[PDB]
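Undergrad: This one's experimental. Sequence and coordinates below.
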Amino acid sequence: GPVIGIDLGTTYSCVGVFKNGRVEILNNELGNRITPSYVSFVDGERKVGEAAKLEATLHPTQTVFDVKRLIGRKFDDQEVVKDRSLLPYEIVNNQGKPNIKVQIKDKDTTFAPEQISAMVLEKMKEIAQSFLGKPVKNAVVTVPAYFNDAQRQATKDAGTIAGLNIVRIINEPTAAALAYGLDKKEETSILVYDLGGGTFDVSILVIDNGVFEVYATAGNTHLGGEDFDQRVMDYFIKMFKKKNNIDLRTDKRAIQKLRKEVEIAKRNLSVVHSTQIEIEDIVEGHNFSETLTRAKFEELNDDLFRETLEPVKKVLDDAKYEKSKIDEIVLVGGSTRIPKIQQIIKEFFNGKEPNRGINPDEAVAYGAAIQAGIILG
Ligand SMILES: CNC(=O)[C@H]1O[C@@H](n2cnc3c(NCc4cccc(I)c4)ncnc32)[C@H](O)[C@@H]1O
């Protein structure tokens, strides 16, 4: 049978196959290589991916996401207490563990995190099956290096529910190191800087004669590209109020349309210096039309960008490493395409350039597919 590779991310998943000596990262049915890790339970229908994420605006309590934050944890863990206060869907205490409670045709229905992760895995499986034109029973799935045995087992149990035998769990730093094809000979120390949509992770990964070991991990569980978008949102909501006497927060639809254009403007500003954010009738009879510059984008987010260095100092300290001891810096996550992020890391490493890919959102799934290939020989 085939073995596919799946990056089960906090905010998104990504699936790759190894076939005819190449890794193919697969498109979902909307033509995207990244699928939002969302599941909606509205109006007697269950949706997974972007179609579910679009329900979050009008049905926030029925639109489940960020389940990776809960999986294999305890209801009373300090992190889960925080996540319950942030997440808009109901989380209940089932015998010491967080479960998700929603309604299906008005009936209360409770799910383990691994039942919701299983639905994401099922969708990635179906993309692979369609593409390979055969059934898929086996996968390599990625986890964060800091995941404990209960978090790993809960991820494997998600696979079993989705009809996937997870033949190997590999950590996200190792997957990145496989994708970038880092030389496995001799000893090299690698700083893997992973800045995603919602989470920041940094790891020191040591490769020694083909053996991969994560010597230290740190991060910020509530720092990612979505926060940079929110800083921009906050700025233009204040401006629109000043100019128009309209508080766009009073209209949830207006906020949804703004967040979509702000996320595009942010991407543009990784390449250009100035971009237009435009929504016709953001509310009836009022257009939104603004310019954002890279300089203002950076100014709005500079403290968040610099916060990413605090986990870098922590892993260098935990590992008793000098900065010079790092041989190579590898960037993962779309947010590492931000020029200021790259500059800040370079300058922290007293001038050393970070290695980055071209598709840093897909590098982990790519490495998971390589690992699948490695396992089949
Ligand atoms: C969607 N998944 C994520 O991990 C996050 O990654 C962000 N994300 C993707 N892509 C980005 C970008 N792209 C410009 C670009 C394009 C090509 C080359 C170069 I240099 C630069 N800029 C800034 N954040 C970017 C998203 O906005 C989420 O928050």
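TA: Received it, and whenever you're ready, just let me know what you need. Residues are numbered from 1 along each chain as shown.
Undergrad: Near the ligand, which residues of the stretch 51-200 of the chain? Just list them.
TA: Within the stretch 51-200 of the chain, the residues that sit near the ligand (Cβ under 6 Å from any ligand atom) are 196, 197. Every C-beta, even on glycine, is put in place using the N, C-alpha and C of the backbone.
Undergrad: Where do the helices of the stretch 51-200 of the chain begin and end?
TA: Using DSSP state H, counting those that start in this stretch, the helices found in the stretch 51-200 of the chain span residues 78-86, 113-132, 149-161, 172-179.
Undergrad: Distance of residue 327 relative to residue 208?
TA: 12 Å (Cβ to Cβ, to the nearest Å).
Undergrad: I'd like the helices of the stretch 51-200 of the chain laid out as a markdown table, including mean neighbour count.
TA: Listed next are the helices of the stretch 51-200 of the chain as a markdown table, based on neighbours: other Cβ atoms under 10 Å:
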| stretch | mean neighbour count |
| --- | --- |
| helix 78-86 | 13 |
| helix 113-132 | 21 |
| helix 149-161 | 18 |
| helix 172-179 | 27 |
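Undergrad: among those, which is nearest residue 140?
TA: Set against residue 140 and scored by Cβ to Cβ, the helices of the stretch 51-200 of the chain come closest in helix 172-179, at 8.2 Å.
Undergrad: mind checking how far that closest one is from the chain centre?
TA: Between the centre of helix 172-179 and the centre of its chain there are 15 Å (Cα atoms, centre = their mean, to the nearest Å).
Undergrad: If you count contacts, what does that helix end up packed against?
TA: strand 3-8, strand 138-143, strand 187-195, strand 200-208, strand 211-220, strand 328-332, helix 363-376 (3 or more Cβ pairs under 8 Å, 6 or more residues apart in numbering; DSSP states H and E).
Undergrad: among these, which is the most enclosed?
TA: Between the helices and strands packed on helix 172-179, strand 3-8 has the highest mean count of neighbours, a mean of 29, where neighbours are mean count of other Cβ atoms under 10 Å.
Undergrad: Skip the chain neighbours and tell me the closest residue to residue 332.
TA: Using Cβ to Cβ, 6 or more residues apart in numbering and skipping the chain neighbours, the partner closest in space to residue 332 is residue 194 (4.1 Å).
Undergrad: who touches that neighbour in this structure?
TA: Contacts for residue 194 (Cβ atoms under 8 Å, 6 or more residues apart in numbering) come out as 172, 173, 176, 200, 201, 202, 203, 219, 331, 332, 333.
Undergrad: Quick check: residue 142 touching residue 168?
TA: No - assessed by Cβ atoms under 8 Å, residue 142 is found out of contact with residue 168, at 9.9 Å.
Undergrad: can you tell me the distance between the two ends of stretch 9-25?
TA: End-to-end distance for stretch 9-25, by Cα to Cα, to the nearest Å: 15 Å.
Undergrad: wait, stretch 127-138
TA: 14 Å.
Undergrad: what's it in contact with?
TA: Stretch 127-138 is contacted from outside by 1-4, 15, 17, 19, 24, 26-29, 125, 163-167, 372, using Cβ under 8 Å, 6+ apart.
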